[PDB]
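Below you'll find the structure, written out as C-alpha cells, and then a few comments.
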Amino acid sequence: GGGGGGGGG
Amino acid sequence: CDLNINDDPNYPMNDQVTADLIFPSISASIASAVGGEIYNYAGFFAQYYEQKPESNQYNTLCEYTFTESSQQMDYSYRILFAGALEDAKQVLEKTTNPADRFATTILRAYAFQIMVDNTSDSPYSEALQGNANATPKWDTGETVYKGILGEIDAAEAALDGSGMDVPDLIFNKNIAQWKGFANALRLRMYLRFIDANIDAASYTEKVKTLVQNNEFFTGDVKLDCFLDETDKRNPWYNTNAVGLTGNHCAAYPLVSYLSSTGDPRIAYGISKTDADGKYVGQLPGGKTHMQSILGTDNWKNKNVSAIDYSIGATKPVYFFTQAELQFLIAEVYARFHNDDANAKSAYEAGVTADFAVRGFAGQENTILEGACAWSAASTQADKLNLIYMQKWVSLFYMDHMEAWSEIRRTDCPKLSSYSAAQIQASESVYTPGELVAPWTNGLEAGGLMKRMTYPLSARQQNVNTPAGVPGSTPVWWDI
Amino acid sequence: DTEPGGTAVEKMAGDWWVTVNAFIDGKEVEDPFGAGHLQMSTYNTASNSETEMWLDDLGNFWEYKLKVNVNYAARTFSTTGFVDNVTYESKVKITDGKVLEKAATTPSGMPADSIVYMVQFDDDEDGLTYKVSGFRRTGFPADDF
Amino acid sequence: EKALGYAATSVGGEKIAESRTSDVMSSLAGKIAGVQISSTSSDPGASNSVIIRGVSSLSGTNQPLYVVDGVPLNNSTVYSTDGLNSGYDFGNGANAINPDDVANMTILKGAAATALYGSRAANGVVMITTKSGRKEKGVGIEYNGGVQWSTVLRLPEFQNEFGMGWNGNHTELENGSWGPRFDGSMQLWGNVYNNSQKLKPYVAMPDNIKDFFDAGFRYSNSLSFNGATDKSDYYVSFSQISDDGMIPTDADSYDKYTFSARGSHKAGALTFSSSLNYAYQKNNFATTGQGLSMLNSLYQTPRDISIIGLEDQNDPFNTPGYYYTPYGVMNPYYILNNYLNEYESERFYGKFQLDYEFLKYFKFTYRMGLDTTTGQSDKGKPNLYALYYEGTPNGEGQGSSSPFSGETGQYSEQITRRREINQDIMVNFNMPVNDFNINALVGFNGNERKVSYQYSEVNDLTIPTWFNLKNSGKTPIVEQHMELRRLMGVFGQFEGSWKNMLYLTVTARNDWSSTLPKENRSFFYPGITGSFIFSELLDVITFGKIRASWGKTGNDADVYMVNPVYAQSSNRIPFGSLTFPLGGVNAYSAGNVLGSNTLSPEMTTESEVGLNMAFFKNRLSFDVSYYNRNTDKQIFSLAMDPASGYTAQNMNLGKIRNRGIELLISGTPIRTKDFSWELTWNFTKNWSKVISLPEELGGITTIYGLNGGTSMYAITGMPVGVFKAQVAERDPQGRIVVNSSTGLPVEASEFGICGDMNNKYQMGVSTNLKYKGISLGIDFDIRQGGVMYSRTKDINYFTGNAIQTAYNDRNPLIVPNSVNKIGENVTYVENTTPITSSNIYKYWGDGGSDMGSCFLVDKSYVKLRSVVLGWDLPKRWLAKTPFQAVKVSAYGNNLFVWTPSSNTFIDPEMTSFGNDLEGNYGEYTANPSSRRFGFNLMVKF
Amino acid sequence: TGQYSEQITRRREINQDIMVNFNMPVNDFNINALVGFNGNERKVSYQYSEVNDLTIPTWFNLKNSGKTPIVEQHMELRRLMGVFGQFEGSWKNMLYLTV
Ligand SMILES: *[C@@H](CCOC(=O)CCCCCCCCC)OC(=O)CCCCCCCCC
Ligand SMILES: *[C@H](CCOC(=O)CCCCCCCCC)OC(=O)CCCCCCCCC
Ligand SMILES: [Ca+2]
Ligand SMILES: [Ca+2]
Ligand SMILES: [Mg+2]
Ligand SMILES: [Mg+2]
C-alpha cells in the first residue's frame with residue numbers, strides 16, 4: 001500500500 | 001462501432017520503444033532505491049543518524065522493532081526488480097551493441113548485489129520470467145554473486161571496439177569508466193568471498209591482480225542528475241526533507257569519532273546544537289530513553305545535532321565512492337600484498353578525495369598529520385581499524401548501504417562492550433566511534449542489525465520465498 | 001459517559017516525590033542522610049489484584065522494590081513483616097502506609113495526593129525505622145527537584 | 001410486469017422525495033432488503049454507495065446500472081486518488097437526478113434475467129421512471145421550497161483529565177494532552193510574540209471542538225410544469241440546491257441545478273418522444289488527510305485550548321508563524337480560508353424514442369441515449385514557506401522540522417470530459433392465444449463510452465497565495481488521458497403466460513466487447529425465470545406468489561488489459577517520486593502490469609427462489625428470497641511477485657460467491673377510515689466468500705492497504721475484504737508478551753487477521769402513522785457486522801484526547817497479564833516492569849494491548865435514519881386561493897446513531913476511498929457526520 | 001523537432017428576461033406597452049498545454065518529450081443588467097409609433 005507518517009509531540 | 005480499439009492510446013506503439021529509450025530507466029531506478037529508501041534505513045543500522053526527539057517516523061528502525069510485515073524495503077524491491085531489472089531484461093532483448101550490453105549487465109549485476117547485501121538470498125536464475133514463472137525461487141547469495149560476476153566476465157569479453165549507443169547518465173558513453181565500475185564491483189565482491197572464507201584461496205590472488213592493474217574508475221560512480229524540483233530531487237532528500245518533516249538527528253557514534261579525531265568534516269551534513277552550539281549525537285535507539293532520564297523540556301530537538309538536508313536536493317546518488325575504492329585498495333595492500341607505502345598512499349588518497357567531495361579540499365592533513373596520521377598505527381590491525389574507520393566516515397551522506405555492508409564484513413567499527421545505558425551514565429567507558437547496541441532493541445538476541453526482512457510482497461505471492469528470520473541472522477558473508 | 005478504567009490498585013499507583021526521615025533516639029530527624037526529594041513509583045501487579053501493589057524506590061534510596069499488601073478501600077498498604085526485596089538480596093518491612101488523596105500541597109501550592117509509610121531494612125546494621133513521605137508528582141517542571 | 005421471477009422492489013416518487021434529500025438514493029438507506037446504501041461522508045454533496053447483494057467485482061465496479069426512462073445513466077464518481085493526504089469526494093453520477101421528477105423506482109435485484117440491459121446489470125438495476133404529462137384541475141405547476149440545517153453528530157468522546165503536554169509533563173507547544181492533571185493553576189501556553197506569552201487557567205475546554213463547528217444551511221427550490229392531451233404529454237422541471245455545511249466558512253459547499261424537458265406525441269401508429277436534461281454542480285471540499293488538513297489539525301488540539309479563539313488573525317499569536325504548536329499541523333481556520341479545492345461540472349443527457357405499432361401485435365421501438373459531461377477541478381495551497389518560514393518560531397525556529405518545509409505551494413487544474421452513447425433497436429410481439437399469452441422481444445444494443453482529461457500542475461508559487469499556472473519559477477507538470485470502449489450485443493426475450501397465474505420467461509443475449517482479446521470478444525448468456533400465483537382458492541389470502549429463476553450474466557474487462565505497454569519511466573519512492581525526464585533525456589519503462597491475450601469473459605451465474613404472500617384485506621404482507629450468486633472469471637489485475645518482472649498479471653479470477661436471504665414483512669395493525677398505522681421490517685443476510693484466486697500467484701491480493709500497516713485483502717477461502725493488522729505476541733497460555741525494559745507490548749512477528757468488511761446482517765424498521773391530512777414516518781437503519789479502519793480513533797489515541805487514554809489515571813502500570821520472553825529454548829516469566837508515566841503516551845498511541853489492530857473499529861450501528869412529519873392542508877381551505885394542494889412538511893435525517901461501547905469515535909458511515917469496494921477500508925479522518933433536519937413547503941397550482 | 005498541443009475551451013452564457021406587456025385598443029387607437037428586465041452573464045475559460053521536441057518522432061502525447069512543457073490557463077467573466085421599456089402607439093393601422 002501507500003505510506004503514512006507519524007505525528008509530533 | 002469499430003471494436004478494434006483496445007490498443008492503449010496513452011502509450012507508444014511497442015515497436016517504437018527501443019533500447020535507447022528504456023536503458024536510461026535502469027540506472028535511475030536503482031538509484032531511487034539504493035539512494036533513498038534502502039540508503040535511509042542503512043544509515044540507521046550503520047549508526048550515522050537517529051530519530052529526532054520531536055517526530056516519530058523511524059522509531060522502529062532505530063529501536064529495531066520492525067518486522068516482516070513492516071514492509072521496510074517493499075518499495076525498493078519493487079523498484080529494483082519490476083523497474084530496473086525488467087528494463088535491463090528489455091534492453092538486452094532489443095539491442096546487440098556489446099558496449100550497451102556491458103553497461104546493462106553492470107547495472108544488472110549491481111542491482112542483484114544490492115538485493116543480496118539485504119536479504120542474503122535473492123531471486124536470480126528464475127527471476128524476470130513473467131507468467132512462465134510467477135514464483136521464482138530465491139537463489140543463495142553466493143549463487144548470485146558467482147553468477148553476476150559471471151555475467152560481467154562474459155559481457156566484457158564480448159566487446160568488439162565499438163562504442164556505446166545509448167543515453168548514459170553515469171559516464172556518458174565512457175567505456176573505460178564502465179570497465180572500472182566492473183573492476184570496483186569485483187574488488188567489492190571478491191573481498192566478500194574472502195572474509196566469508198569461501199574459495200578464499202583463488203579470490204585472493206584475483207583481488208591482488210586487480211589492484212596491480214589499477215583498471216578502476218575515476219571520480220565517483222554517481223547519478224548526477226537531480227534538480228531541486230518536484231519529482232526530480234535526490235530520492236532521500238525528497239522522502240525525508242520534502243515528503244516528511246525533519247526526522248534525522250546525528251547519532252552518537254558518528255559524532256564522538258568525528259569529534260575525537262578533530263575532523264572538520266563534522267560540519268558537512270551535521271548541524272550544531274540549536275541551544276549550545278555544539279555537536280551532539282543521539283545514542284542509537286535512545287530517543288525515548290533520554291526523554292525519560294533528562295525530562296521532556298530538556299531533550300527536545302534543540303538539544304541534539306540535527307542532520308542537515310540543505311546539501312541534499314541536488315546531491316547525486318552514489319554507487320561507488322572514490323574514497324571507498326582506495327580504502328578497499330588500501331586494505332588489499334595492507335593484508336594481502338605487503339606494501340606499507342602503497343597502502344599508506346591508497347589510504348591517504350581515499351581521505352583526500354573525501355575531503356574534496358565535501359567542502360574541505362586541502363584540509364586532509366588535519367586527519368593525515370594528526371591522530372589518524374597512519375604514522376600512529378602500530379599493528380597492521382591498528383592500521384586496518386584506521387582504514388575501516390575512515391571508510392565508515394567517508395560513506396556518511398554518500399552510500400549508506402555500502403557502509404552497512406562494509407561494517408558487516410570488516411566488523412569495524414567494533415561493537416561497544418558497554419551498553420547504551422552504560423555509555424549514558426559514564427562517558428569514559430565508550431571508545432569514541434564504536435557502535436552501540438540500540439537502547440531499546442527489538443532483537444531477541446541483541447546486538448546490531450545484520451539483514452533486512454524479506455519483502456512482504458514476495459512473501460504473499462511467492463511461495464518459494466525463504467522463511468522469515470530475525471534481524472540478527474547474518475547474510476551469507478558476515479561471520 | 002465512557003469509563004476510562006484502570007488497574008485494580010489505580011488510585012494508589014503513582015509517581016511520588018518523597019523525603020526519607022528517620023526516628024533516632026525517640027526523636028524524628030528530618031532527612032538525616034541529606035538526600036533531598038527523591039522519586040518513587042507505586043503500581044499494580046501483573047496479577048492486577050486489589051490487595052497487593054508494588055512499591056518501588058526506583059533505586060534512589062536503599063535500592064528496594066517489593067510487593068506490599070493493599071487495602072484499596074482504605075487506601076493503605078503494609079507488609080506483615082520483612083519481605084523479600086527484588087532489586088538485590090535483602091528484606092524490607094513496610095508499616096502503616098497510606099495514600100491520602102488531595103491531602104498534600106505541591107511546591108506550587110496545589111492539592112496533591114500524600115503518600116507516607118514507615119520502612120525498615122533487614123540489612124540496616126543500625127536498625128532504624130524511616131518515614132517516607134511525599135506527594136504525587138504533578139508533571140509541571142516547577143513541582144520537580 | 002409483476003410477473004417477475006426474482007426479487008425486486010418498487011418505490012413511488014412520494015417516498016423518494018418526502019425526505020427532501022438532494023439525492024435519489026440516500027433516503028432509501030435502510031429500507032430495501034439486499035440493497036446496501038451509504039454516503040461517503042457528510043460533506044455536501046459527495047458520492048453515494050449502492051451495492052446489491054454484496055461485492056461481486058474486486059476491484060472495483062459494484063454500482064448497479066441506473067436506467068432512466070429506458071436509457072442507461074452515467075454513474076461515474078469523482079473522488080481523490082489519494083485518500084491519505086487529500087481526501088475529497090465530489091459526487092456520484094446518479095446524484096444529478098432531480099427527485100420530485102421520479103414517478104417510480106424499481107430495483108431489480110437478481111442477475112438471472114439481464115438481457116434487456118447489458119452486462120452492467122449483474123450488479124442490479126435501478127429502473128427509474130420519470131413523471132410524465134397528466135391532466136389536473138390547475139395549471140400544472142408543483143412548487144417545492146425547502147430549507148434545512150445540519151449540525152455535528154458524534155464527535156469523538158474526549159478525555160478531560162489532562163491538558164497540553166507530553167510524557168506526562170506540561171508543555172507550552174503541544175498538539176496533544178499528555179500533560180499533568182488539570183488544576184486551577186495559571187500556566188503559560190503558546191509561542192512568544194514581541195516578548196509576550198499568553199497565560200490561561202490550566203482547565204479543560206470540553207466543548208472546544210463542538211463549538212468549532214457551525215450549523216450547515218441549505219435552501220432548495222423545485223419547480224415543475226405539467227400538462228397533457230389525448231395525443232401528447234409534456235413535463236418541464238427545474239431544481240436548485242445550495243448547501244454550506246457545518247464546517248466553518250464556505251469551503252464545504254454544494255450548488256446543484258437541474259433542468260428537464262420531457263415530451264411525447266402520438267399520431268397514428270407512431271409515437272415519438274424525447275427526454276433532455278442539463279445538470280450543473282459546483283463543489284468545494286474541506287480536504288481531509290494526515291497533513292495540513294482542517295480536521296487533522298482540529299483533533300490534534302490539547303483539551304485545554306479554546307479552538308474558537310484561534311480564528312481572529314489580528315491576534316498575532318494566531319498567525320501561522322506563532323500558532324501555538326508547530327507539530328505537523330496548523331491553524332484549522334487558516335486552512336479553511338486559504339486553501340482551494342473546487343470542482344464544477346456541466347452535464348447533458350437524454351434520449352429520443354421512436355415507437356411504431358404495426359400488424360395488430362407488433363411494436364418497433366428505437367431508443368438512443370447520449371450522456372456527456374464536462375468537469376473542471378481547481379485545487380491549490382499557499383507557499384507557506386515563503387510567507388511564514390523566515391524569522392518565526394514555527395518556521396525558522398523549528399528548522400528542518402517545520403510544518404512549512406517544504407510547503408512551497410502548488411496549484412493544479414483538471415478538465416475531464418465524459419461521453420456515453422447507447423442505441424437500442426427492438427421489435428416487440430404481443431398476442432393472446434386462448435387463455436395463454438405470448439410476448440416476445442428481440443433487439444440489438446450498441447454502446448460507446450469515452451472519458452478524457454487534461455491535467456496541469458505548478459509547484460513553488462512566486463506570489464505565495466495566487467493560484468495560476470504562470471505563478472511558478474519551476475518546470476510545470478502536464479498529464480493527459482483517454483479511454484474508449486465499445487460494445488455490441490443482440491438479444492431475445494420470450495415471455496409466456498397461462499391464465500393470470502403461470503408466467504414463464506426466457507432471456508438470452510450475446511455481446512461483442514472491444515475490451516476482450518480480438519479472438520474471444522463474444523460471450524453468450526441465457527436465463528430462465530418462473531412465476532406461479534397459487535391464488536386459486538375459493539379472502540383470507542389476498543395474494544400468493546412463488547418465484548424461481550436461474551440465469552447467467554456475462555461481462556467484459558476494463559479498458560486496455562490485453563497488450564504490453566511501456567510507460568514514461570517513473571519510480572515510486574516513499575512519500576515522493578523520481579520521474580523522467582532527467583536531465584534532458586526522456587525514457588520509457590516496461591509497464592508493471594502483465595497483459596494477457598488469453599482472457600475469457602466473466603460469467604455470473606445465479607439461482608434464486610422466492611415467496612410473496614398477502615393476507616386479510618392487504619393488512620399483512622411478506623416477501624422472501626433465497627439467492628446464490630457466483631461471479632466467475634472476472635478479469636482482474638492480480639498481485640504478482642515483483643521478481644517476476646511485473647507487479648501484477650491480468651487474468652481471470654475464480655468464483656466470488658454471494659448467497660443469502662432477503663426478507664420483507666409489513667402490516668397495518670390499525671386501519672380505520674380516519675386513521676392508519678403501518679409497520680415494516682426488512683432483513684438481509686449475505687454470505688460473501690471469495691472461492692478461489694489463481695494459485696500460481698499465491699491466493700491473496702490487496703484491495704487497499706497502508707505500507708507496513710493495516711491492510712484489507714482478498715483471500716482464497718474468505719469473505720471479501722479481510723483485514724490484517726498488528727498484534728501483540730502471546731505465550732502458549734495466552735498472556736501478552738511485553739518488553740522487559742519498557743513494559744510495552746511486543747509485535748507478534750506476523751499479522752493479524754482481525755475481521756472483514758461485511759456486516760453479518762442488515763435490517764430496517766419503519767412505522768407510518770396517518771390521521772387526517774397529518775402523516776408521520778420514522779425509519780431505523782440497523783447493520784451489525786464487520787470492521788473498518790478508523791484514523792479518527794488512531795489520531796485521538798496518539799494525541800491523548802480519546803477518553804480511552806485516561807485509563808488508570810495515567811499512573812505507572814504493568815499490563816495486567818504481561819509476561820517476559822527470556823539460552824536457545826524459550827522461557828516465560830511474569831513481568832514486573834511497569835509502563836512509566838513517561839511512556840504511557842506511547843502505549844496508547846501504538847494501540848495499547850491491541851497494538852495496531854486497535855484501530856479496526858466495529859462497523860456496527862443502529863441509526864434513526866429519517867423522520868418525516870407531513871401536513872396536507874384540507875382542500876376546504878384552498879377554495880379562495882390559487883392553490884390546488886399545500887403540503888407543509890417537517891423532516892429530519894441522520895438524527896441519532898447508537899454504536900457499541902467500543903466505538904466512541906465515529907459514525908461508521910464514513911470513508912475516504914470512494915463509494916465502492918475500496919471505500920470499505922475505512923475512514924482516514926473524514927469529516928464528522930451530520931444531523932440534518934428541516935422544512936419543506938409544497939404548493940401545487 | 002516535433003510539437004503537440006491540446007486546449008480545452010469552456011464557454012458559457014446565461015440570459016434572463018422578465019417582462020410585462022400591456023395591449024389595449026381605445027377608440028381606433030391602440031396601445032402596446034412593454035416593461036422588462038435583462039440579466040446577462042458571459043464566461044469563457046480554457047486550459048492549454050504544449051510539449052516540444054518529441055521523443056518518439058510520430059507519437060503525439062504530452063509524455064513524448066524530454067523537455068519542459070508549456071502550460072497556459074485563461075478565463076474571462078462579464079455581467080450586465082438592464083431595465084427597458086418599449087411604447088407602441090397605433091392609429092387605425094395607418095400611423096404606427098414606437099418609443
Ligand atoms: C456508438 C455505439 C455503437 O453504435 C452502434 O450501435 C452502431 C450504430 C447504430 C445506431 C443507428 C440506428 C439508427 C436507427 C434509425 O453509437 C454512435 O457512434 C452513434 C453514431 C450516430 C448514429 C445516429 C443515428 C441518428 C438517429 C436519430
Ligand atoms: C446571471 C445574470 C444575473 O442576473 C440574475 O441574477 C437573474 C435574476 C433573475 C431571476 C429570475 C427568476 C424568475 C422566476 C420565475 O444569472 C444567473 O447566473 C442565474 C442565477 C440563478 C437563476 C435561476 C433561474 C431559475 C428559473 C426557474
Ligand atoms: Ca460551512
Ligand atoms: Ca480515572
Ligand atoms: Mg517495469
Ligand atoms: Mg561480521
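Labels used: A, B, ... for chains in the order of the C-alpha cells, numbers from 1 for residues in each chain, and numbers from 1 for ligands as shown.
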
- request: Report as a ChimeraX atom specification the set of chain B residues whose atoms approach chain A to within 7 Å, with distances computed over only C-alpha atoms.
  value: /B:54-57

field: Interface, chain D side, toward chain C (7 Å; only C-alpha atoms) as a PyMOL selection string
entry: chain D and resi 168-170+179-181+803-809+811-818+830-832

Could you please tell me, as a tab-separated table (two decimals) with N, CA, C and O atoms, in the first residue's frame, which residues of chain D have an atom within 6 Å of chain A when using only C-alpha atoms?
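File produced: result-v2.tsv:
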chain	number	residue	atom	x	y	z
D	174	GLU	N	2.28	21.89	22.67
D	174	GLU	CA	1.96	20.55	22.20
D	174	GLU	C	0.69	20.52	21.37
D	174	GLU	O	-0.19	21.38	21.47
D	327	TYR	N	3.59	21.26	15.21
D	327	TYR	CA	3.81	19.82	15.12
D	327	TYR	C	2.97	19.18	14.02
D	327	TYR	O	2.02	18.45	14.27
D	705	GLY	N	-4.44	-0.85	1.29
D	705	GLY	CA	-3.62	-1.04	2.47
D	705	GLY	C	-2.60	0.05	2.68
D	705	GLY	O	-2.22	0.75	1.75
D	706	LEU	N	-2.17	0.18	3.93
D	706	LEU	CA	-1.08	1.06	4.31
D	706	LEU	C	0.23	0.30	4.28
D	706	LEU	O	0.28	-0.87	4.63
D	707	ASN	N	1.29	0.95	3.82
D	707	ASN	CA	2.56	0.25	3.69
D	707	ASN	C	3.11	-0.02	5.08
D	707	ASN	O	3.34	0.91	5.85

- request: May I ask you to extract the residues of chain E within 12 Å of chain B, using only C-alpha atoms, and to give them as a VMD selection string?
  value: chain E and resid 54 to 66

- request: Within 7 Å of residue D:410, counting only C-alpha atoms, which residues show up once you throw out same-chain ones fewer than 4 positions away? Write them as a VMD selection string, please.
  value: chain D and resid 380 to 382 458 to 461

Selected residues written out, C-alpha atoms, as a PDB file, in the first residue's frame:
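Okay, this is what ended up in result-v4.pdb:
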ATOM      1  CA  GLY D 380      -4.287  24.821  -4.535  1.00  0.00           C
ATOM      2  CA  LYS D 381      -2.277  25.531  -1.400  1.00  0.00           C
ATOM      3  CA  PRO D 382      -0.205  28.577  -0.407  1.00  0.00           C
ATOM      4  CA  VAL D 458       2.616  24.022 -10.896  1.00  0.00           C
ATOM      5  CA  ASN D 459       4.740  23.953  -7.793  1.00  0.00           C
ATOM      6  CA  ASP D 460       6.621  26.572  -5.825  1.00  0.00           C
ATOM      7  CA  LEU D 461       4.418  29.627  -6.256  1.00  0.00           C
TER       8      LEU D 461
END

task: Find the residues near stretch 4-20 of chain E: any atom within 7 Å, counting only C-alpha atoms, skip ones fewer than 6 places away on the same chain, and give them as JSON, numbers by chain.
output: {"E": [34, 35, 36, 37, 38, 39, 40, 41, 42, 43, 44, 45, 46, 47, 48, 49, 50, 51, 52, 60, 61]}

Can I get the selected residues back with C-alpha atoms, as a compact mmCIF listing (two decimals), in the first residue's frame?
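Written out: selection_4.txt:
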# COMPACT_ATOMS: atom_id res chain seq x y z
CA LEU E 34 -43.65 46.58 -22.56
CA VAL E 35 -41.57 46.87 -19.38
CA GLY E 36 -38.69 44.46 -18.85
CA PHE E 37 -35.50 43.46 -17.09
CA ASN E 38 -32.40 41.88 -18.60
CA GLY E 39 -29.59 39.97 -16.93
CA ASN E 40 -26.58 38.69 -18.82
CA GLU E 41 -23.55 36.62 -17.80
CA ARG E 42 -20.90 35.50 -20.29
CA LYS E 43 -17.91 33.36 -19.33
CA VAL E 44 -15.08 31.75 -21.24
CA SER E 45 -12.12 29.80 -19.95
CA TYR E 46 -9.61 27.38 -21.37
CA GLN E 47 -6.62 25.26 -20.45
CA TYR E 48 -3.68 24.97 -22.81
CA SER E 49 -0.69 22.67 -22.71
CA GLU E 50 2.15 22.15 -25.19
CA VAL E 51 5.25 19.97 -25.48
CA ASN E 52 8.08 20.32 -27.94
CA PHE E 60 1.54 12.99 -30.27
CA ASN E 61 1.33 12.89 -26.47

- request: Name the residues, by chain letter and number, that sit within 7 Å of ligand 6 using only C-alpha atoms and all ligand atoms, and give them as an NGL selection string.
  value: :B and (408-411 or 478-479)

Could you take the residues named above and write them with N, CA and C atoms, as a short mmCIF file (atom, residue, chain, number, x, y, z; two decimals), in the first residue's frame?
data_model
loop_
_atom_site.label_atom_id
_atom_site.label_comp_id
_atom_site.auth_asym_id
_atom_site.auth_seq_id
_atom_site.Cartn_x
_atom_site.Cartn_y
_atom_site.Cartn_z
N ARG B 408 29.45 -4.78 8.17
CA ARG B 408 29.19 -6.18 8.47
C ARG B 408 30.35 -7.07 8.05
N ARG B 409 31.03 -6.72 6.97
CA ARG B 409 32.13 -7.55 6.51
C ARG B 409 33.33 -7.43 7.43
N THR B 410 33.80 -6.21 7.64
CA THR B 410 35.02 -5.99 8.40
C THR B 410 34.79 -5.97 9.90
N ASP B 411 33.54 -5.92 10.33
CA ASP B 411 33.19 -5.88 11.74
C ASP B 411 33.86 -4.71 12.44
N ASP B 478 28.70 -12.56 6.27
CA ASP B 478 29.06 -11.98 7.56
C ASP B 478 29.29 -13.09 8.58
N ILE B 479 30.46 -13.06 9.24
CA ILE B 479 30.79 -14.03 10.29
C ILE B 479 31.55 -13.41 11.46
#

query: So, counting only C-alpha atoms and all ligand atoms, which residue among D:431, D:788, D:292, D:162 is closest to ligand 4?
result: D:162

message: Using only C-alpha atoms, I'd like every residue of chain D that has an atom within 9 Å of chain E; please write them out as a ChimeraX atom specification.
response: /D:374,413-415,454-457,468-470,475-480,567-568,580-587

Dump as CSV the rows for residues of chain B within 12 Å of ligand 1: closest atom pair and distance in Å with one decimal, only C-alpha atoms and all ligand atoms counted, ordered by chain and rising residue number.
residue,atom,partner,partner_atom_place_in_ligand_line,distance
B:1,CA,ligand 1,3 (C),4.2
B:2,CA,ligand 1,3 (C),7.8
B:3,CA,ligand 1,3 (C),9.1

Within 7 Å of ligand 5 (only C-alpha atoms and all ligand atoms), residues as a ChimeraX atom specification: /B:82-84,86-87 /D:589-592,645-646

query: Separation of atom CA of residue D:779 and atom CA of residue D:866, in Å?
result: 5.3 Å

- request: Grab the atom CA of residue B:169 to atom CA of residue B:85 distance for me, in Å with one decimal place.
  value: 17.2 Å

- request: May I have the residues within 9 Å of ligand 3, computed using only C-alpha atoms and all ligand atoms, as a PyMOL selection string?
  value: chain D and resi 213-217+243-253

Rows by chain and residue number, chain D within 8 Å of ligand 2, shortest pair, only C-alpha atoms and all ligand atoms, as a tab-separated table:
residue	atom	partner	partner_atom_place_in_ligand_line	distance
D:223	CA	ligand 2	27 (C)	7.0
D:238	CA	ligand 2	27 (C)	5.9
D:239	CA	ligand 2	27 (C)	7.8
D:240	CA	ligand 2	23 (C)	7.7

Go ahead and write the selection's residues with C-alpha atoms as a short mmCIF file (atom, residue, chain, number, x, y, z; two decimals), in the first residue's frame.
data_model
loop_
_atom_site.label_atom_id
_atom_site.label_comp_id
_atom_site.auth_asym_id
_atom_site.auth_seq_id
_atom_site.Cartn_x
_atom_site.Cartn_y
_atom_site.Cartn_z
CA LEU D 223 -40.49 23.86 -9.94
CA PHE D 238 -36.19 22.89 -12.59
CA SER D 239 -34.39 22.22 -9.31
CA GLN D 240 -31.88 24.29 -7.35
#
